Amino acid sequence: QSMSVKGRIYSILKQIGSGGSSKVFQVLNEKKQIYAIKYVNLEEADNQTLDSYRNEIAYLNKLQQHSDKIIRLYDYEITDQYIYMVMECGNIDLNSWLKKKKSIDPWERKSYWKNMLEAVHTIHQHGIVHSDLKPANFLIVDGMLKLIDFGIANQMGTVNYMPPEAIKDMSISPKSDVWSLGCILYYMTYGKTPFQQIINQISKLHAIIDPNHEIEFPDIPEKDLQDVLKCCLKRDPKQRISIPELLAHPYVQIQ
């Protein structure tokens, strides 16, 4: 019902999420202000697992100064036992917002799409590739989208956003993140994932790999959006659109 971080006393409002070792809480400070505290319990965590959390914190602290589209981290407490991260509190996650919403206004969709490329572009500049991108790594705060996960540590489980190169890499580049964002935008346009209809997961993996499989892009009034979707969802990483290219596309730029 209460926890301390760097002397500061935060009273727990509710629990948002959990990822086994982790637990996220909606808390309030002394002045009734809202924050979200991530709690990690290192008691049973391994040497490799600890450096993944040590790495994610470092980047999440550095990269905060490089984009308003990356989740704010106000403070943190690290000991051998736990990790207390005091971050900004969002309205709702993108996955929950999309699963709820029936309609998606073109002006909102385009705005969110710009927020994502800005975050994803920031991380790529510091040599980070997320790889596992899903609407859950995004969070609506002050009507603006923000990146919570850098895909470094363990996230607090849909196969609908997997890049083809990843499935074929069983025997990862920035183009892997383009495919995944392409799938989040497609689902923001057509209401469903590109391979969301393929019930069997073994077969769903067969589809993403197979080039003789044609992905559907129904005729939309937003001409540029359909071209964005056709460029992001190119199976060959070499022939796929880049993040600096998407940022200079007519979809993002033309008003």
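Note that residue numbering begins at 1 and tracks the sequence as displayed. C-alpha atoms forming the largest set that superposes within 1.5 Å between two forms make up the rigid core.
With each structure aligned by its rigid core, the stretch whose Cα atoms sit farther from this model in 8 other deposited structures of this protein, between 8-16 and 228-236, is 8-16. Omission of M156 is seen in a third or more of the other entries compared for this protein where the adjacent residues are built.
Across the other entries compared, none leave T79 without coordinates where the residues on each side are present, so it is far from a third. Coordinates are lacking for 10 or more deposited residues between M156 and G157.
The deposited sequence places 10 or more unmodelled residues between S171 and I172. Annotation for 194-202 versus 53-61: the higher mean temperature factor (C-alpha) is found in 194-202. Averaged over Cα atoms, the B-factor as recorded in the entry is higher for 97-105 than for the other of 97-105 and 68-76.
Ranking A119, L139, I167, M85 by the C-alpha B-factor listed in the PDB entry places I167 at the top. Of the candidates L229, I37, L28, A45, the deposited coordinates give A45 the top C-alpha B factor. The entry lists a Cα temperature factor for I254 that places it in the middle third of the chain's modelled residues. In the PDB entry, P244 places in the lowest third of its chain by CA B-factor.
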